[PDB]
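A.B. asks: Structure in structure tokens, see below.
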Amino acid sequence: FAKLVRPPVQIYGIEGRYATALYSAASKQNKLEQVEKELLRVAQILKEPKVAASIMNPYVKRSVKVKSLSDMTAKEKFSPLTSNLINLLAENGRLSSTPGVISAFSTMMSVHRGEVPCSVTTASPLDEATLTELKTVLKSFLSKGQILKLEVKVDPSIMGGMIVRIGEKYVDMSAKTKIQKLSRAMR
Amino acid sequence: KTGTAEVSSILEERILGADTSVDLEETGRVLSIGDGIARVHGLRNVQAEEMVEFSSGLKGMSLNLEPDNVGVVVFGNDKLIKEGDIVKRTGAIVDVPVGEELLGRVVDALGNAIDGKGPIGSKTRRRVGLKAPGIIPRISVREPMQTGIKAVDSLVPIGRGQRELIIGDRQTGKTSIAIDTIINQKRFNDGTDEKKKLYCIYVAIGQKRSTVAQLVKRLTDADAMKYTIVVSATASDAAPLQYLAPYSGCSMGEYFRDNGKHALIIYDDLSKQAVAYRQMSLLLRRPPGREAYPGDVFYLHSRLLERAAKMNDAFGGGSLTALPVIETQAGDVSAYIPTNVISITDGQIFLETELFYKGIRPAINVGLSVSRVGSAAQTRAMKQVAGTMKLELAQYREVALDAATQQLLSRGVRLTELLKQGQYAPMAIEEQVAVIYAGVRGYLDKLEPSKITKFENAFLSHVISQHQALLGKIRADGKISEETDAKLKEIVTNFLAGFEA
Amino acid sequence: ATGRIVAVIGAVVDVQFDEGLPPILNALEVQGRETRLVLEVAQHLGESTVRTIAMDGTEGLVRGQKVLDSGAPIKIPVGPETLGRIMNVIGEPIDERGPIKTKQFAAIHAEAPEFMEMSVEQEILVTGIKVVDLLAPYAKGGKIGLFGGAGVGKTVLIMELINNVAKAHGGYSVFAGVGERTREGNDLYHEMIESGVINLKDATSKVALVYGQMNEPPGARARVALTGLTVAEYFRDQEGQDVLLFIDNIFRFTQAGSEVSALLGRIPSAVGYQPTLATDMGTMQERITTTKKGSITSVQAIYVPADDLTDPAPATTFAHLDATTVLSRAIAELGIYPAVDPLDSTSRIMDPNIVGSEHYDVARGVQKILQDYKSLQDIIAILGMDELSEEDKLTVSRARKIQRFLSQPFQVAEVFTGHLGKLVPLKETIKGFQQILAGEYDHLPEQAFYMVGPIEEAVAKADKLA
Ligand SMILES: Nc1ncnc2c1ncn2[C@@H]1O[C@H](COP(=O)(O)OP(=O)(O)OP(=O)(O)O)[C@@H](O)[C@H]1O
Ligand SMILES: Nc1ncnc2c1ncn2[C@@H]1O[C@H](COP(=O)(O)OP(=O)(O)O)[C@@H](O)[C@H]1O
Ligand SMILES: [Mg+2]
Ligand SMILES: [Mg+2]
């Protein structure tokens, strides 16, 4: 066999085996951005009631579900290596798991420029000066030249503090400083 | 549901264009290896039970065809194989070299020499997975196959085409019956009557390698390696090489049977084959049964011992005799394997481990040894005398100062000591019929029991010399007439007057 | 409809069709072989795919071979023209005498007779053997078992029942060999020629033979007992005659279903058999019945593996029999042939109405003196004979002659010992067990009762050892 390039995330499952085998063929020949723009439009053209039907319907055949898809991917835009991918998903019966392969590929291609975003879950949204200060100290923490994305969630069960995660780091300044008052009891 | 060939090394061949410089019709790769079988991807024109060849030089059998892969049973060790190899398709069912030009060699189970005498020089190849002959071509046995042992040839007679078991515990004299059968054929293979010639095959399964080597000397010492083949898969060989050892051994005997010759094969032993088929079955995750055996152990030994048959006169007239060996654990003749083979073969021979300790050798249990179809095919000279000894060995067995008890307890011990025999001394047929004559006609009833092994070695050594031309009419005419037994009365009663007590 | 072979795993071939899915139990024909490979549809797996079971060796099958649907189940030639011939599993002549020429063809998988067709007649089939006349008598038109280990006499006995019952019969006979020695099947064909039962010049033959032996694949031993059954349904239904049906051995039908049940993808039940073990034996065994048109008298021969009568294969066939003859080896070691267990042999017609009030009373006195002897063997073995009573030195001294009087020299075993084969009538095996249970013969040794016919030869033997 030949060797294959390793993705920087390395997820597992029956959907990770198809997002890795495409990443080992599109990192070769330098086509990692052409497939991504194609894959974000094949997600749109599957979820139509003419086409979402008779792909999960088990009583058609294997071969005529290929021919109804071998011309659909040929006429509109595509003749890359990715036309073999839809041809291979329909042979193995794995055409149902096609949103699983696409959604895995975006995060596998995200990490080529992405940052595994944060989670600040404290309270109601605050003023602008508090937001820009955390966005300009977390930029000092990545040290990788990548413009970090972030999400904010509202959870009032934390009393007055906030929890912050950077990837897989998870600092903590929250109501667990009230649970640290067992030193008055357990001593 | 994850698929064997859903791995990324095979999806990449498909997702990067359907590649042209891979064959995928006569050659394939190896995906995994280590439990015996290998998972070969490709090879889309392979047959079932077709021998393939690895890149290391190992043969392998195509056992199990699937829509993704092929499962190849590997002959020999599986250290030499690596994931990512390339396996070639031979194009033929598993077959072995066979012919007249093998008499005198020591091969392994695949048909390669391991005696260091160069190639074999064969021209024909027969398969190992052929079927037995049907109901029409067979016929009942009629020619006798001599053994040279005084306990076997007169109490459980064998015939050319009859299966016969040899069953006993360890170190009871199992192999030493099978060796004296091969040395006894020296008198027939070196003669002019071609209709009585008989070849031999020995199959050694799971034995030690240093016990086969001390066996081929003993055959060469007695001029018995010029009509004998030996197949050998010893205890250090892999498990598929012990499973396919009796099939390649029987396919070399099927050549002589279909071409008018008579053969003989000794499997030694079929116990260690069934513990090798157990290993390949449980390593394929099959449901075990009694004693953790697979469900088709009966198919293993029936499809092998059904080939040993005798063809009719319109098919050539040859034969094939088998003599398998089963080892029991402490006299257990009610276990799973020694009952699957009693319900196949046409009789038994029992070797007791508690008569081998008392000094009776060969320790043949005369009560439990039977031979059904081979009783009608024996010499009328032997049937005229051994039909009487069958009666007195029965009357000795019920009585185990009274009247009608101390008469049979006297004769019944002189016939037990008459049936002892030294190692590697195969007697002829017409020399047996004089020694069994003196023990059943009532001549040695007066002697002491300890001085009767001395008596047989003195009477035979002289009548072979001074009455040699008068003994040949027993073997030539094949019977004891009214002139021979009146002549035989004077030979013994003149020798007892000269035999110093 | 044509299909492509997709997977070959042992003796189970997978086939994918493209149109026209054939229903279950249909036969298929493989294209491109020298001989005739015929399959048998067993499951539907979805995605237009069946799973078959092959009736011959599957050596040499390429993934992509073409297979042709026959459109119907396996049909064999049936009629009176199949008498005196030999047939294999799929009904081809294997006796090199030409093709079997009949007019109609019958499928293998037929359904059972209904509830309103069962006849309730009971009679007695007198054989001539002292043990099975007295303690477990045989009924005409009912099933008969023969249990035993490996080497006790399940075939020396079944070739004696052919010699006594089937030779003097007026009807037809069918032998079906399922998994036995092929040299034994040659001897049966070559003894019926000399005795005139099968004739090769004219059309007065009386027995057909069906054979699938031990060298056959597992798919061909699991379906040959249905073939020797379908031959004997024409001679009952469409002719109205009294047939005989000897099957030997019927355990190989059960064993060869477990060899193929692992390859079909099932969870296995107890000691290693298939899960559907008692569902498909009752489907086979409820086609051998005496209905309102004719009488099938089946004499089966069942194998007990490792001498264990609690194994699920010889312990689910006990609910399908009328008589029962359990052979044992521990009686056969002492030299008592046939080695029939007296206290384990049962019968259904043993009832004081049908066999009488005199047959029923002597037959229950024999099972009483042989059970009390069985409860003293734990004491005689330790404390010897001199520790019993005086009245209990008479139960022992009488049961040791009834045991030896249940021995008989058979007719087919003349070439074993050289003794003459003896036959007794039913009225004289009642008189022999009255003059022993009463005490008329308390002046004879036990060995004078050994291997004789009726009671008159016992006193003609004790004068020799005088
Ligand atoms: N007729 C005989 N007289 C004296 N000794 C004998 C005789 N036959 C065999 N023996 C002795 O028995 C020994 C073992 O015999 P043999 O090799 O046949 O046993 P075995 O059952 O083959 O052993 P295993 O099966 O465990 O290898 C031999 O060394 C031999 O000396
Ligand atoms: N009536 C009898 N007299 C002498 N020997 C017998 C008798 N019945 C059975 N036997 C012995 O029991 C054995 C039974 O073997 P057989 O009937 O051929 O096969 P199975 O193992 O199926 O019983 C035979 O070897 C035979 O020697
Ligand atoms: Mg040995
Ligand atoms: Mg039998």
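Numbers here mean position along the shown chain, with the first residue as 1.
A Cβ is built for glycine as well, from the same backbone N, Cα and C atoms used for every other residue.
Annotation source Swiss-Prot lists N6-acetyllysine at A:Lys37, A:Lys47, A:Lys50, A:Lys77, A:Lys135, A:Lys149, A:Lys169 (among others), citing similarity to another entry. Among the features that Swiss-Prot reports, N6-succinyllysine is placed at A:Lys67, A:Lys77, A:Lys135, A:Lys139, A:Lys176, with the record citing similarity to another entry.
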A.B. asks: Work through the modified residues one by one (A:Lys37, A:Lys67, A:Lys77, A:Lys135) and name whichever has its CA nearest to the CA of A:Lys50 (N6-acetyllysine).
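C.D. replies: Checked the modified residues A:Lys37, A:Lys67, A:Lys77, A:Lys135; minimum Cα distance to A:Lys50 (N6-acetyllysine) goes to A:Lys67.
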A.B. asks: State the count of C-beta atoms found within 10 angstroms of the C-beta of A:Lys135 (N6-acetyllysine), not counting that atom itself.
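C.D. replies: Neighbour count, Cβ to Cβ under the 10 Å cut-off: 12.
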A.B. asks: Enter the number of other CB atoms within 10 angstroms of the CB of A:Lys169 (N6-acetyllysine).
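C.D. replies: Within a 10 Å radius of the Cβ of A:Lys169 (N6-acetyllysine) lie 10 other Cβ atoms.
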A.B. asks: Does A:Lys77 (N6-acetyllysine) have same-chain partners at least 6 apart in sequence with Cβ under 8 Å from its own Cβ, and which are they?
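C.D. replies: Once residues fewer than 6 apart are set aside, A:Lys77 (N6-acetyllysine) is near A:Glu38, A:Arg41.
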A.B. asks: Using the structure shown, find which entry in A:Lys37, A:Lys139 (the modified residues) has the sparsest Cβ neighbourhood within 10 Å.
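C.D. replies: Least crowded of the modified residues A:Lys37, A:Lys139, by Cβ count within 10 Å, is A:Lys37.
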A.B. asks: Sort out for me which one of A:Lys47, A:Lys50 has the most neighbouring CB atoms within 10 A, since those are the modified residues we care about.
C.D. replies: A:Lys47
A.B. asks: Check each of A:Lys37, A:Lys47, A:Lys50, A:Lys77, A:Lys139, A:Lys169 (the modified residues) against chain C and write down, in sequence order, those whose C-beta lies under 8 A from a C-beta there; write 'none' if there are none.
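C.D. replies: Of A:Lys37, A:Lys47, A:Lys50, A:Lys77, A:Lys139, A:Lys169, none lie near chain C.
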A.B. asks: Quick check for you: of the modified residues A:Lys37, A:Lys47, A:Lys67, A:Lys135, which have their Cα within 10 Å of the Cα of A:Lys149 (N6-acetyllysine)?
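C.D. replies: Those near A:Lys149 (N6-acetyllysine) - Cα within 10 Å - are A:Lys135, in sequence order.
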A.B. asks: Measuring Cα to Cα, how far is A:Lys169 (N6-acetyllysine) from A:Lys37 (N6-acetyllysine) in Å?
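C.D. replies: Rounded to the nearest whole number, the Cα-Cα distance is 32 Å.
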A.B. asks: Just jot down the residues in the same chain as A:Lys67 (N6-succinyllysine), at least 6 apart in sequence, with C-beta under 8 A of its C-beta; none if empty.
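C.D. replies: Spatial neighbours, sequence-distant, of A:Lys67 (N6-succinyllysine): none.
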A.B. asks: When you rank A:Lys47, A:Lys135, A:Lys139, A:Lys176 by Cα distance to A:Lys37 (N6-acetyllysine), which of the modified residues ends up on top as the closest?
C.D. replies: A:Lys47
A.B. asks: Determine, to the nearest whole angstrom, how far the Cα atom of A:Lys139 (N6-succinyllysine) is from the Cα atom of A:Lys176 (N6-succinyllysine).
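C.D. replies: With the alpha carbons as reference points, the distance is 27 Å.
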A.B. asks: Please report how many Å separate the Cα atom of A:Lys47 (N6-acetyllysine) from that of A:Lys135 (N6-acetyllysine), as a whole number.
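C.D. replies: Rounded to the nearest whole number, the Cα-Cα distance is 37 Å.
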A.B. asks: Ten-angstrom check, please: count other Cβ atoms within 10 Å of the Cβ of A:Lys149 (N6-acetyllysine), all chains counted.
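C.D. replies: Within a 10 Å radius of the Cβ of A:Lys149 (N6-acetyllysine) lie 11 other Cβ atoms.
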